[PDB]
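Undergrad: Next comes structure.cif, mmCIF, N, CA and C atoms:
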data_final
#
loop_
_atom_site.group_PDB
_atom_site.id
_atom_site.type_symbol
_atom_site.label_atom_id
_atom_site.label_comp_id
_atom_site.auth_asym_id
_atom_site.auth_seq_id
_atom_site.Cartn_x
_atom_site.Cartn_y
_atom_site.Cartn_z
ATOM 1 N N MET A 1 -88.515 -92.687 150.604
ATOM 2 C CA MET A 1 -88.621 -93.452 149.332
ATOM 3 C C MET A 1 -90.093 -93.675 149.000
ATOM 4 N N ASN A 2 -90.646 -94.792 149.465
ATOM 5 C CA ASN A 2 -92.073 -95.064 149.344
ATOM 6 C C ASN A 2 -92.757 -94.614 150.629
ATOM 7 N N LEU A 3 -93.381 -93.440 150.596
ATOM 8 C CA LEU A 3 -94.186 -93.008 151.728
ATOM 9 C C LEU A 3 -95.413 -93.899 151.819
ATOM 10 N N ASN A 4 -95.633 -94.476 152.996
ATOM 11 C CA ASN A 4 -96.429 -95.687 153.088
ATOM 12 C C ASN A 4 -97.325 -95.630 154.313
ATOM 13 N N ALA A 5 -98.423 -96.386 154.252
ATOM 14 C CA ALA A 5 -99.355 -96.445 155.368
ATOM 15 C C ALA A 5 -98.666 -96.839 156.665
ATOM 16 N N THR A 6 -97.468 -97.424 156.587
ATOM 17 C CA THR A 6 -96.716 -97.737 157.794
ATOM 18 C C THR A 6 -96.486 -96.505 158.654
ATOM 19 N N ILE A 7 -96.470 -95.315 158.047
ATOM 20 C CA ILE A 7 -96.305 -94.083 158.811
ATOM 21 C C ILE A 7 -97.339 -94.000 159.920
ATOM 22 N N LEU A 8 -98.494 -94.636 159.729
ATOM 23 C CA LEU A 8 -99.489 -94.759 160.784
ATOM 24 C C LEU A 8 -99.265 -96.005 161.631
ATOM 25 N N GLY A 9 -98.981 -97.141 160.989
ATOM 26 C CA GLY A 9 -98.796 -98.379 161.721
ATOM 27 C C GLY A 9 -97.704 -98.305 162.762
ATOM 28 N N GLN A 10 -96.747 -97.394 162.592
ATOM 29 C CA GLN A 10 -95.732 -97.189 163.615
ATOM 30 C C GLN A 10 -96.260 -96.326 164.752
ATOM 31 N N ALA A 11 -96.971 -95.244 164.424
ATOM 32 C CA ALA A 11 -97.369 -94.289 165.451
ATOM 33 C C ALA A 11 -98.183 -94.960 166.546
ATOM 34 N N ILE A 12 -99.061 -95.896 166.185
ATOM 35 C CA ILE A 12 -99.785 -96.647 167.205
ATOM 36 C C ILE A 12 -98.792 -97.294 168.160
ATOM 37 N N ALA A 13 -97.937 -98.173 167.627
ATOM 38 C CA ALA A 13 -96.950 -98.838 168.466
ATOM 39 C C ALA A 13 -96.147 -97.832 169.274
ATOM 40 N N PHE A 14 -96.031 -96.595 168.787
ATOM 41 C CA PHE A 14 -95.315 -95.585 169.557
ATOM 42 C C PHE A 14 -96.089 -95.227 170.819
ATOM 43 N N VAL A 15 -97.321 -94.737 170.658
ATOM 44 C CA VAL A 15 -98.028 -94.163 171.797
ATOM 45 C C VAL A 15 -98.287 -95.215 172.862
ATOM 46 N N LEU A 16 -98.356 -96.490 172.478
ATOM 47 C CA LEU A 16 -98.478 -97.541 173.481
ATOM 48 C C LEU A 16 -97.212 -97.645 174.321
ATOM 49 N N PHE A 17 -96.054 -97.799 173.674
ATOM 50 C CA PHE A 17 -94.829 -98.035 174.431
ATOM 51 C C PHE A 17 -94.505 -96.856 175.337
ATOM 52 N N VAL A 18 -94.977 -95.659 174.986
ATOM 53 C CA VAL A 18 -94.764 -94.501 175.846
ATOM 54 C C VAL A 18 -95.567 -94.634 177.137
ATOM 55 N N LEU A 19 -96.822 -95.079 177.041
ATOM 56 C CA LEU A 19 -97.694 -95.042 178.212
ATOM 57 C C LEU A 19 -97.358 -96.151 179.202
ATOM 58 N N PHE A 20 -97.212 -97.392 178.726
ATOM 59 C CA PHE A 20 -96.842 -98.464 179.642
ATOM 60 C C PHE A 20 -95.482 -98.199 180.271
ATOM 61 N N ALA A 21 -94.570 -97.572 179.528
ATOM 62 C CA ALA A 21 -93.310 -97.145 180.124
ATOM 63 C C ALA A 21 -93.547 -96.062 181.169
ATOM 64 N N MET A 22 -94.436 -95.111 180.876
ATOM 65 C CA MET A 22 -94.699 -94.028 181.816
ATOM 66 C C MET A 22 -95.301 -94.565 183.110
ATOM 67 N N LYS A 23 -96.476 -95.183 183.017
ATOM 68 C CA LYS A 23 -97.251 -95.478 184.218
ATOM 69 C C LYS A 23 -96.691 -96.666 184.993
ATOM 70 N N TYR A 24 -95.991 -97.587 184.322
ATOM 71 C CA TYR A 24 -95.678 -98.881 184.920
ATOM 72 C C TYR A 24 -94.209 -99.280 184.819
ATOM 73 N N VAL A 25 -93.327 -98.394 184.354
ATOM 74 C CA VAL A 25 -91.897 -98.692 184.317
ATOM 75 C C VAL A 25 -91.106 -97.636 185.078
ATOM 76 N N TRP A 26 -91.393 -96.356 184.813
ATOM 77 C CA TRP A 26 -90.521 -95.300 185.322
ATOM 78 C C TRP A 26 -90.702 -95.059 186.815
ATOM 79 N N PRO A 27 -91.906 -94.840 187.335
ATOM 80 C CA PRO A 27 -92.046 -94.585 188.771
ATOM 81 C C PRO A 27 -91.497 -95.738 189.591
ATOM 82 N N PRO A 28 -91.795 -96.990 189.226
ATOM 83 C CA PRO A 28 -91.226 -98.113 189.993
ATOM 84 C C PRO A 28 -89.715 -98.049 190.163
ATOM 85 N N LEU A 29 -88.983 -97.605 189.138
ATOM 86 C CA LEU A 29 -87.526 -97.578 189.215
ATOM 87 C C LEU A 29 -87.025 -96.318 189.913
ATOM 88 N N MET A 30 -87.594 -95.164 189.560
ATOM 89 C CA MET A 30 -87.137 -93.919 190.160
ATOM 90 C C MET A 30 -87.490 -93.853 191.636
ATOM 91 N N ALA A 31 -88.574 -94.510 192.053
ATOM 92 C CA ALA A 31 -88.886 -94.564 193.473
ATOM 93 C C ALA A 31 -87.787 -95.281 194.240
ATOM 94 N N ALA A 32 -87.292 -96.399 193.706
ATOM 95 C CA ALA A 32 -86.217 -97.120 194.380
ATOM 96 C C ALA A 32 -84.919 -96.323 194.362
ATOM 97 N N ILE A 33 -84.632 -95.642 193.253
ATOM 98 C CA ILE A 33 -83.418 -94.833 193.199
ATOM 99 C C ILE A 33 -83.488 -93.708 194.229
ATOM 100 N N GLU A 34 -84.593 -92.958 194.236
ATOM 101 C CA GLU A 34 -84.751 -91.875 195.197
ATOM 102 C C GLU A 34 -84.775 -92.393 196.629
ATOM 103 N N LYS A 35 -85.332 -93.584 196.854
ATOM 104 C CA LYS A 35 -85.316 -94.167 198.188
ATOM 105 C C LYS A 35 -83.886 -94.393 198.656
ATOM 106 N N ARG A 36 -83.064 -95.036 197.820
ATOM 107 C CA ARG A 36 -81.676 -95.250 198.215
ATOM 108 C C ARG A 36 -80.938 -93.927 198.391
ATOM 109 N N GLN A 37 -81.237 -92.927 197.561
ATOM 110 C CA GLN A 37 -80.551 -91.641 197.684
ATOM 111 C C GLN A 37 -80.904 -90.956 199.002
ATOM 112 N N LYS A 38 -82.200 -90.807 199.276
ATOM 113 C CA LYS A 38 -82.641 -90.181 200.516
ATOM 114 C C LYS A 38 -82.119 -90.933 201.732
ATOM 115 N N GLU A 39 -82.149 -92.262 201.690
ATOM 116 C CA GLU A 39 -81.766 -93.042 202.855
ATOM 117 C C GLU A 39 -80.262 -93.261 202.950
ATOM 118 N N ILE A 40 -79.494 -92.786 201.970
ATOM 119 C CA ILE A 40 -78.069 -92.570 202.199
ATOM 120 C C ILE A 40 -77.827 -91.181 202.779
ATOM 121 N N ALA A 41 -78.591 -90.184 202.325
ATOM 122 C CA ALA A 41 -78.390 -88.820 202.814
ATOM 123 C C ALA A 41 -78.835 -88.661 204.263
ATOM 124 N N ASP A 42 -79.791 -89.475 204.706
ATOM 125 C CA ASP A 42 -80.245 -89.386 206.087
ATOM 126 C C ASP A 42 -79.117 -89.725 207.051
ATOM 127 N N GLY A 43 -78.227 -90.637 206.656
ATOM 128 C CA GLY A 43 -77.066 -90.928 207.484
ATOM 129 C C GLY A 43 -76.144 -89.734 207.639
ATOM 130 N N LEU A 44 -75.947 -88.978 206.557
ATOM 131 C CA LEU A 44 -75.166 -87.749 206.653
ATOM 132 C C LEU A 44 -75.846 -86.753 207.582
ATOM 133 N N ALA A 45 -77.170 -86.641 207.480
ATOM 134 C CA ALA A 45 -77.907 -85.786 208.406
ATOM 135 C C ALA A 45 -77.713 -86.243 209.848
ATOM 136 N N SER A 46 -77.728 -87.557 210.073
ATOM 137 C CA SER A 46 -77.524 -88.091 211.414
ATOM 138 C C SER A 46 -76.138 -87.741 211.936
ATOM 139 N N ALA A 47 -75.115 -87.853 211.085
ATOM 140 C CA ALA A 47 -73.766 -87.476 211.505
ATOM 141 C C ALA A 47 -73.700 -85.995 211.860
ATOM 142 N N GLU A 48 -74.354 -85.153 211.058
ATOM 143 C CA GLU A 48 -74.360 -83.725 211.355
ATOM 144 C C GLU A 48 -75.029 -83.452 212.696
ATOM 145 N N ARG A 49 -76.164 -84.103 212.960
ATOM 146 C CA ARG A 49 -76.839 -83.912 214.241
ATOM 147 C C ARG A 49 -76.004 -84.454 215.393
ATOM 148 N N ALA A 50 -75.283 -85.552 215.164
ATOM 149 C CA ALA A 50 -74.399 -86.086 216.193
ATOM 150 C C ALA A 50 -73.344 -85.060 216.571
ATOM 151 N N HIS A 51 -72.753 -84.405 215.573
ATOM 152 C CA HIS A 51 -71.781 -83.360 215.878
ATOM 153 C C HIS A 51 -72.445 -82.153 216.538
ATOM 154 N N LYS A 52 -73.663 -81.809 216.122
ATOM 155 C CA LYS A 52 -74.323 -80.595 216.595
ATOM 156 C C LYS A 52 -74.817 -80.695 218.033
ATOM 157 N N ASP B 1 -72.911 -94.090 215.593
ATOM 158 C CA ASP B 1 -72.340 -92.850 216.112
ATOM 159 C C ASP B 1 -73.408 -91.971 216.767
ATOM 160 N N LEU B 2 -74.622 -91.943 216.213
ATOM 161 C CA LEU B 2 -75.698 -91.167 216.824
ATOM 162 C C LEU B 2 -76.212 -91.802 218.112
ATOM 163 N N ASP B 3 -76.152 -93.128 218.224
ATOM 164 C CA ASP B 3 -76.503 -93.787 219.474
ATOM 165 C C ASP B 3 -75.417 -93.639 220.530
ATOM 166 N N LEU B 4 -74.188 -93.318 220.122
ATOM 167 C CA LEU B 4 -73.204 -92.814 221.076
ATOM 168 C C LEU B 4 -73.504 -91.374 221.473
ATOM 169 N N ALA B 5 -73.947 -90.554 220.516
ATOM 170 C CA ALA B 5 -74.249 -89.162 220.823
ATOM 171 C C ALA B 5 -75.379 -89.035 221.831
ATOM 172 N N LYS B 6 -76.413 -89.869 221.713
ATOM 173 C CA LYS B 6 -77.524 -89.803 222.658
ATOM 174 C C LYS B 6 -77.070 -90.212 224.054
ATOM 175 N N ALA B 7 -76.331 -91.321 224.150
ATOM 176 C CA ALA B 7 -75.795 -91.748 225.436
ATOM 177 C C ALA B 7 -74.984 -90.637 226.086
ATOM 178 N N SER B 8 -74.037 -90.061 225.344
ATOM 179 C CA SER B 8 -73.169 -89.050 225.938
ATOM 180 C C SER B 8 -73.967 -87.827 226.376
ATOM 181 N N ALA B 9 -74.908 -87.371 225.542
ATOM 182 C CA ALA B 9 -75.676 -86.186 225.903
ATOM 183 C C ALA B 9 -76.498 -86.428 227.162
ATOM 184 N N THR B 10 -77.165 -87.582 227.245
ATOM 185 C CA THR B 10 -77.982 -87.863 228.420
ATOM 186 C C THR B 10 -77.119 -87.995 229.667
ATOM 187 N N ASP B 11 -75.981 -88.689 229.557
ATOM 188 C CA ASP B 11 -75.105 -88.853 230.711
ATOM 189 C C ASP B 11 -74.597 -87.509 231.221
ATOM 190 N N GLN B 12 -74.174 -86.623 230.313
ATOM 191 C CA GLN B 12 -73.645 -85.337 230.759
ATOM 192 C C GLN B 12 -74.743 -84.439 231.317
ATOM 193 N N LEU B 13 -75.956 -84.502 230.763
ATOM 194 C CA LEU B 13 -77.047 -83.741 231.360
ATOM 195 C C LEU B 13 -77.413 -84.266 232.742
ATOM 196 N N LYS B 14 -77.312 -85.578 232.964
ATOM 197 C CA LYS B 14 -77.562 -86.113 234.298
ATOM 198 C C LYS B 14 -76.494 -85.636 235.270
ATOM 199 N N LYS B 15 -75.232 -85.689 234.844
ATOM 200 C CA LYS B 15 -74.155 -85.153 235.664
ATOM 201 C C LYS B 15 -74.451 -83.718 236.076
ATOM 202 N N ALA B 16 -74.755 -82.854 235.103
ATOM 203 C CA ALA B 16 -74.996 -81.450 235.416
ATOM 204 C C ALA B 16 -76.219 -81.259 236.309
ATOM 205 N N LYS B 17 -77.250 -82.091 236.154
ATOM 206 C CA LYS B 17 -78.421 -81.971 237.017
ATOM 207 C C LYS B 17 -78.096 -82.383 238.445
ATOM 208 N N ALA B 18 -77.182 -83.338 238.617
ATOM 209 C CA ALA B 18 -76.700 -83.657 239.958
ATOM 210 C C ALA B 18 -75.890 -82.501 240.530
ATOM 211 N N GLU B 19 -74.986 -81.946 239.719
ATOM 212 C CA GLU B 19 -74.108 -80.879 240.188
ATOM 213 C C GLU B 19 -74.908 -79.668 240.647
ATOM 214 N N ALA B 20 -75.935 -79.284 239.885
ATOM 215 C CA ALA B 20 -76.711 -78.106 240.260
ATOM 216 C C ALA B 20 -77.415 -78.307 241.595
ATOM 217 N N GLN B 21 -77.999 -79.489 241.802
ATOM 218 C CA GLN B 21 -78.683 -79.753 243.058
ATOM 219 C C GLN B 21 -77.695 -79.753 244.214
ATOM 220 N N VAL B 22 -76.512 -80.330 244.002
ATOM 221 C CA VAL B 22 -75.492 -80.341 245.044
ATOM 222 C C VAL B 22 -75.097 -78.913 245.408
ATOM 223 N N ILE B 23 -74.821 -78.092 244.395
ATOM 224 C CA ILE B 23 -74.389 -76.718 244.635
ATOM 225 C C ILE B 23 -75.442 -75.952 245.427
ATOM 226 N N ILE B 24 -76.719 -76.087 245.056
ATOM 227 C CA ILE B 24 -77.722 -75.278 245.746
ATOM 228 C C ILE B 24 -78.057 -75.838 247.126
ATOM 229 N N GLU B 25 -77.926 -77.149 247.334
ATOM 230 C CA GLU B 25 -78.085 -77.680 248.680
ATOM 231 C C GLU B 25 -76.985 -77.163 249.595
ATOM 232 N N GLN B 26 -75.746 -77.136 249.103
ATOM 233 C CA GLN B 26 -74.673 -76.578 249.916
ATOM 234 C C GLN B 26 -74.859 -75.083 250.134
ATOM 235 N N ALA B 27 -75.461 -74.381 249.169
ATOM 236 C CA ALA B 27 -75.791 -72.976 249.391
ATOM 237 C C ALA B 27 -76.779 -72.810 250.536
ATOM 238 N N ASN B 28 -77.795 -73.673 250.606
ATOM 239 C CA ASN B 28 -78.728 -73.586 251.726
ATOM 240 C C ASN B 28 -78.052 -73.967 253.038
ATOM 241 N N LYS B 29 -77.112 -74.911 252.993
ATOM 242 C CA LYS B 29 -76.358 -75.260 254.194
ATOM 243 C C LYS B 29 -75.571 -74.058 254.705
ATOM 244 N N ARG B 30 -74.854 -73.384 253.806
ATOM 245 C CA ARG B 30 -74.150 -72.162 254.175
ATOM 246 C C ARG B 30 -75.106 -71.122 254.743
ATOM 247 N N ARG B 31 -76.289 -70.977 254.139
ATOM 248 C CA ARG B 31 -77.257 -70.025 254.677
ATOM 249 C C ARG B 31 -77.617 -70.365 256.118
ATOM 250 N N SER B 32 -77.877 -71.642 256.392
ATOM 251 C CA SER B 32 -78.230 -72.043 257.749
ATOM 252 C C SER B 32 -77.083 -71.762 258.715
ATOM 253 N N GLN B 33 -75.853 -72.074 258.301
ATOM 254 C CA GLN B 33 -74.694 -71.817 259.152
ATOM 255 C C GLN B 33 -74.569 -70.333 259.472
ATOM 256 N N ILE B 34 -74.665 -69.487 258.445
ATOM 257 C CA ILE B 34 -74.538 -68.051 258.652
ATOM 258 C C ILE B 34 -75.615 -67.560 259.607
ATOM 259 N N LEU B 35 -76.864 -67.969 259.375
ATOM 260 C CA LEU B 35 -77.960 -67.434 260.173
ATOM 261 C C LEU B 35 -77.865 -67.894 261.624
ATOM 262 N N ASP B 36 -77.496 -69.155 261.858
ATOM 263 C CA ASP B 36 -77.415 -69.614 263.238
ATOM 264 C C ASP B 36 -76.239 -68.989 263.978
ATOM 265 N N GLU B 37 -75.097 -68.799 263.308
ATOM 266 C CA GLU B 37 -73.987 -68.149 263.992
ATOM 267 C C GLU B 37 -74.282 -66.675 264.236
ATOM 268 N N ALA B 38 -75.038 -66.038 263.340
ATOM 269 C CA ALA B 38 -75.479 -64.672 263.592
ATOM 270 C C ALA B 38 -76.404 -64.616 264.799
ATOM 271 N N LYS B 39 -77.298 -65.599 264.929
ATOM 272 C CA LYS B 39 -78.160 -65.644 266.106
ATOM 273 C C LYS B 39 -77.336 -65.796 267.379
ATOM 274 N N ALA B 40 -76.277 -66.608 267.326
ATOM 275 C CA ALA B 40 -75.435 -66.793 268.507
ATOM 276 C C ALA B 40 -74.704 -65.500 268.870
ATOM 277 N N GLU B 41 -74.101 -64.843 267.879
ATOM 278 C CA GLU B 41 -73.381 -63.604 268.161
ATOM 279 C C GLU B 41 -74.321 -62.502 268.639
ATOM 280 N N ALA B 42 -75.567 -62.492 268.155
ATOM 281 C CA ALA B 42 -76.515 -61.475 268.588
ATOM 282 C C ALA B 42 -76.751 -61.525 270.090
ATOM 283 N N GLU B 43 -76.498 -62.668 270.721
ATOM 284 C CA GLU B 43 -76.565 -62.788 272.170
ATOM 285 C C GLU B 43 -75.206 -62.610 272.827
ATOM 286 N N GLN B 44 -74.142 -63.114 272.197
ATOM 287 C CA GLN B 44 -72.810 -62.955 272.773
ATOM 288 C C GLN B 44 -72.466 -61.479 272.969
ATOM 289 N N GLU B 45 -72.696 -60.657 271.941
ATOM 290 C CA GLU B 45 -72.328 -59.246 272.022
ATOM 291 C C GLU B 45 -73.258 -58.468 272.943
ATOM 292 N N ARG B 46 -74.544 -58.820 272.958
ATOM 293 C CA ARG B 46 -75.472 -58.173 273.876
ATOM 294 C C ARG B 46 -75.080 -58.444 275.323
ATOM 295 N N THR B 47 -74.757 -59.700 275.649
ATOM 296 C CA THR B 47 -74.338 -60.018 277.011
ATOM 297 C C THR B 47 -73.035 -59.317 277.364
ATOM 298 N N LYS B 48 -72.114 -59.215 276.404
ATOM 299 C CA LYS B 48 -70.881 -58.478 276.648
ATOM 300 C C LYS B 48 -71.184 -57.036 277.043
ATOM 301 N N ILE B 49 -72.010 -56.352 276.249
ATOM 302 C CA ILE B 49 -72.277 -54.938 276.508
ATOM 303 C C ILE B 49 -73.029 -54.756 277.823
ATOM 304 N N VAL B 50 -74.016 -55.614 278.093
ATOM 305 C CA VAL B 50 -74.810 -55.435 279.302
ATOM 306 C C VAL B 50 -74.022 -55.809 280.548
ATOM 307 N N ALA B 51 -72.914 -56.544 280.408
ATOM 308 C CA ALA B 51 -72.019 -56.710 281.551
ATOM 309 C C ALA B 51 -71.049 -55.537 281.669
ATOM 310 N N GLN B 52 -70.587 -55.017 280.531
ATOM 311 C CA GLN B 52 -69.743 -53.828 280.536
ATOM 312 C C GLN B 52 -70.431 -52.670 281.247
#
As structure tokens, please, write out the structure in this file.

TA:
Amino acid sequence: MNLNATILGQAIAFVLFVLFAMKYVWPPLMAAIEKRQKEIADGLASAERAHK
Amino acid sequence: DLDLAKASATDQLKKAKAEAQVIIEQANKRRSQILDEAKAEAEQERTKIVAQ
């Protein structure tokens, strides 16, 4: 409709929310998820070695 | 379950290490018996012939 300077005022708010999410939100959560995954799978490895 | 596996493996390896030593000690005992009885017969038969 009205193409407006807001087209810029949004992009700023965009690139910020991407970076703080990247550096300070995602690794903290995925590290815990992968930790629980690996440390559940290690038990399966232990059972396999017990049988072996 | 893995701490049961370690116990069982160590116990059975100890059993087998006892068994091997027992078997080879009795093998040396048999060797001594054979050699000493051979030494005895080596004189029994010689005395027999030299009296004949």

Undergrad: I'd like the interatomic distance between atom CA of residue A:51 and atom CA of residue B:3, to a tenth of an Å.

TA: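 These two atoms are separated by 12.0 Å.
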
Undergrad: If the cut-off is 6.5 Å, can you tell me the residues of chain B near chain A, counting all atoms listed in the file? I'd like them as a PyMOL selection string.

TA: chain B and resi 1-2+5

Undergrad: If you keep N, CA and C atoms, can you produce a file of those selected residues as an mmCIF file, in the frame of the given file?

TA:
data_model
loop_
_atom_site.group_PDB
_atom_site.id
_atom_site.type_symbol
_atom_site.label_atom_id
_atom_site.label_comp_id
_atom_site.auth_asym_id
_atom_site.auth_seq_id
_atom_site.Cartn_x
_atom_site.Cartn_y
_atom_site.Cartn_z
ATOM 1 N N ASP B 1 -72.911 -94.090 215.593
ATOM 2 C CA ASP B 1 -72.340 -92.850 216.112
ATOM 3 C C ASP B 1 -73.408 -91.971 216.767
ATOM 4 N N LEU B 2 -74.622 -91.943 216.213
ATOM 5 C CA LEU B 2 -75.698 -91.167 216.824
ATOM 6 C C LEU B 2 -76.212 -91.802 218.112
ATOM 7 N N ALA B 5 -73.947 -90.554 220.516
ATOM 8 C CA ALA B 5 -74.249 -89.162 220.823
ATOM 9 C C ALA B 5 -75.379 -89.035 221.831
#

Undergrad: Take atom CA of residue A:29 and atom C of residue A:13 and report the distance between them in Å, one decimal.

TA: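 Between these atoms lies a distance of 21.7 Å.
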
Undergrad: Edge lengths and centre, in Å to one decimal, as lines of an AutoDock Vina configuration file: that's what I need for the box along x, y and z that holds all listed atoms of stretch 21-26 of chain B plus 4 Å on each side.

TA:
center_x = -76.5
center_y = -77.7
center_z = 246.0
size_x = 12.3
size_y = 13.3
size_z = 16.3

Undergrad: Could you add the missing atoms to stretch 18-37 of chain A, up to N, CA, C and O atoms, and return them as a JSON list (two decimals), in the frame of the given file?

TA:
[["chain", "number", "residue", "atom", "x", "y", "z"],
["A", 18, "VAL", "N", -94.98, -95.66, 174.99],
["A", 18, "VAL", "CA", -94.76, -94.50, 175.85],
["A", 18, "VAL", "C", -95.57, -94.63, 177.14],
["A", 18, "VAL", "O", -95.07, -94.33, 178.23],
["A", 19, "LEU", "N", -96.82, -95.08, 177.04],
["A", 19, "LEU", "CA", -97.69, -95.04, 178.21],
["A", 19, "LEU", "C", -97.36, -96.15, 179.20],
["A", 19, "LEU", "O", -97.21, -95.89, 180.40],
["A", 20, "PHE", "N", -97.21, -97.39, 178.73],
["A", 20, "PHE", "CA", -96.84, -98.46, 179.64],
["A", 20, "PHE", "C", -95.48, -98.20, 180.27],
["A", 20, "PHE", "O", -95.26, -98.56, 181.43],
["A", 21, "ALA", "N", -94.57, -97.57, 179.53],
["A", 21, "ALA", "CA", -93.31, -97.14, 180.12],
["A", 21, "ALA", "C", -93.55, -96.06, 181.17],
["A", 21, "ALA", "O", -92.93, -96.08, 182.24],
["A", 22, "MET", "N", -94.44, -95.11, 180.88],
["A", 22, "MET", "CA", -94.70, -94.03, 181.82],
["A", 22, "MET", "C", -95.30, -94.56, 183.11],
["A", 22, "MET", "O", -94.71, -94.43, 184.19],
["A", 23, "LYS", "N", -96.48, -95.18, 183.02],
["A", 23, "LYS", "CA", -97.25, -95.48, 184.22],
["A", 23, "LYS", "C", -96.69, -96.67, 184.99],
["A", 23, "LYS", "O", -96.89, -96.75, 186.21],
["A", 24, "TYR", "N", -95.99, -97.59, 184.32],
["A", 24, "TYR", "CA", -95.68, -98.88, 184.92],
["A", 24, "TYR", "C", -94.21, -99.28, 184.82],
["A", 24, "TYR", "O", -93.87, -100.42, 185.17],
["A", 25, "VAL", "N", -93.33, -98.39, 184.35],
["A", 25, "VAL", "CA", -91.90, -98.69, 184.32],
["A", 25, "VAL", "C", -91.11, -97.64, 185.08],
["A", 25, "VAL", "O", -90.24, -97.96, 185.90],
["A", 26, "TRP", "N", -91.39, -96.36, 184.81],
["A", 26, "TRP", "CA", -90.52, -95.30, 185.32],
["A", 26, "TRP", "C", -90.70, -95.06, 186.82],
["A", 26, "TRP", "O", -89.69, -95.05, 187.54],
["A", 27, "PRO", "N", -91.91, -94.84, 187.34],
["A", 27, "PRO", "CA", -92.05, -94.58, 188.77],
["A", 27, "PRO", "C", -91.50, -95.74, 189.59],
["A", 27, "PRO", "O", -90.79, -95.51, 190.58],
["A", 28, "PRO", "N", -91.80, -96.99, 189.23],
["A", 28, "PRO", "CA", -91.23, -98.11, 189.99],
["A", 28, "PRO", "C", -89.72, -98.05, 190.16],
["A", 28, "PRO", "O", -89.20, -98.41, 191.23],
["A", 29, "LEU", "N", -88.98, -97.60, 189.14],
["A", 29, "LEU", "CA", -87.53, -97.58, 189.22],
["A", 29, "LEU", "C", -87.02, -96.32, 189.91],
["A", 29, "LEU", "O", -86.12, -96.38, 190.77],
["A", 30, "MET", "N", -87.59, -95.16, 189.56],
["A", 30, "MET", "CA", -87.14, -93.92, 190.16],
["A", 30, "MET", "C", -87.49, -93.85, 191.64],
["A", 30, "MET", "O", -86.78, -93.21, 192.41],
["A", 31, "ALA", "N", -88.57, -94.51, 192.05],
["A", 31, "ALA", "CA", -88.89, -94.56, 193.47],
["A", 31, "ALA", "C", -87.79, -95.28, 194.24],
["A", 31, "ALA", "O", -87.36, -94.82, 195.30],
["A", 32, "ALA", "N", -87.29, -96.40, 193.71],
["A", 32, "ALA", "CA", -86.22, -97.12, 194.38],
["A", 32, "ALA", "C", -84.92, -96.32, 194.36],
["A", 32, "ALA", "O", -84.19, -96.30, 195.36],
["A", 33, "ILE", "N", -84.63, -95.64, 193.25],
["A", 33, "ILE", "CA", -83.42, -94.83, 193.20],
["A", 33, "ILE", "C", -83.49, -93.71, 194.23],
["A", 33, "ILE", "O", -82.56, -93.52, 195.02],
["A", 34, "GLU", "N", -84.59, -92.96, 194.24],
["A", 34, "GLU", "CA", -84.75, -91.88, 195.20],
["A", 34, "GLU", "C", -84.78, -92.39, 196.63],
["A", 34, "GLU", "O", -84.29, -91.71, 197.54],
["A", 35, "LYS", "N", -85.33, -93.58, 196.85],
["A", 35, "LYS", "CA", -85.32, -94.17, 198.19],
["A", 35, "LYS", "C", -83.89, -94.39, 198.66],
["A", 35, "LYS", "O", -83.51, -93.98, 199.76],
["A", 36, "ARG", "N", -83.06, -95.04, 197.82],
["A", 36, "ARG", "CA", -81.68, -95.25, 198.22],
["A", 36, "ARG", "C", -80.94, -93.93, 198.39],
["A", 36, "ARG", "O", -80.13, -93.79, 199.32],
["A", 37, "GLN", "N", -81.24, -92.93, 197.56],
["A", 37, "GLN", "CA", -80.55, -91.64, 197.68],
["A", 37, "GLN", "C", -80.90, -90.96, 199.00],
["A", 37, "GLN", "O", -80.02, -90.55, 199.77]]
